[PDB]
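Take a look at this one chain, the form deposited in one PDB entry, written out in structure tokens.
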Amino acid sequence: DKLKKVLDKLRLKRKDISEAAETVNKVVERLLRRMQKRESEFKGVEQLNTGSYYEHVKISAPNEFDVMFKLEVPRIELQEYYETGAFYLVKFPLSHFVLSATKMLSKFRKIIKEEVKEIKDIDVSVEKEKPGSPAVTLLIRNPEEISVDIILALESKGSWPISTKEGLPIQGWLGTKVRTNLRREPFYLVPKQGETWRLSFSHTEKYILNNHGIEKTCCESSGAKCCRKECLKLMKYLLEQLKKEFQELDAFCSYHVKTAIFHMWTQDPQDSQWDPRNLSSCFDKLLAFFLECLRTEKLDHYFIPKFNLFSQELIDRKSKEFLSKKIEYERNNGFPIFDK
């Protein structure tokens, strides 16, 4: 009852989706065309849409869109950075940039910013660079505000790096044939010290969000609806509302929630453990899983098992205890935060 009503509030409106999408598509098409057909270092960059809007787990409003501009590279040589699992040096047009990530991002960002100056028909600016973040972020102002993250990424077509050998443990859930095929796809590197890139599996996570049942018919027109995505949306909402209220939660992001629920989906593969009539206890067992991650300070990258997203190197113990207390409070009081 309660959680149904929250999900109705979170649902995007069809009209709001139509307006944001056609503005976003205008800017993205024009930027993609400024690459390639202008003999840049990024000729041949191809588009791939990623993230919550395209996985259909976006909540509240269509106000944030993620796009990769992926660029195939002749067979590069990778070297793992100091055993971090997820970060790598890259070695061997592009000779203008060891393939320095910051050097290549800056030219990328220099092109985007120039093309945005010549957009006289949409209110669109380029957000001040956030260091380390791999994105070039656009603030579009429809009558409403929309973020777009243009993520530069190298596409490599060989075996996945060995730090992922034990990753993606879908064998008992989506199965071995799905896993083998997923791992036959390319992998991607995005910018993160100034020469380091980071692995990306946004394409693999997109497939999983839209192929998320042990049953091939899960959530199709001739199958049964499950509540996996609704739990992702609810857990996403709880963290969004808590990040607004508390600056102490600045080090948490939605990817932390995404990763935890990939683990829950793997720990509980059956589609009937995610029946829509059991939406409450499903969401509760996700809260308890997420609190177990905080207490043990352990949340492994789903594709890179040794990379702990909750290591003290990245998040202070106090931040996790703070979030642990705030989540425990919303849990034991009917989620008052969902009504504001």
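Residues that one form lacks are left out of the comparison. We number the residues from 1 along the sequence you see. What we label the rigid core is the largest C-alpha set whose atoms superpose within 1.5 Å from one form to the other.
We do not show the form deposited in another entry, though everything after this point is about it.
Fit the rigid core and compare the CA positions between this form and the one not shown: of 185, 268, 127, 248, just 127 moves by 2 angstroms or more.
With the core held fixed, the Cα of residue 137 is displaced between this form and the one not shown by 2 Å or more. Residue 16 is among the residues whose C-alpha shifts by 2 Å or more between this form and the one not shown once the rigid core is aligned. With a cut-off of 2 Å and the rigid core superposed, residue 149 has a Cα displacement that reaches or exceeds the cut-off between this form and the one not shown.
Between this form and the other one, the CA-CA gap for residue 28 and residue 57 narrows by 3 Å or more, being smaller in the other entry.
The pair residue 253 and residue 59 is tighter in the other entry: their Cα-Cα distance falls by no less than 3 Å compared with this form. Core-superposed difference between this form and the one not shown: segments of three or more residues with every CA shifted 2 Å or more are 12-18, 51-66, 109-149.
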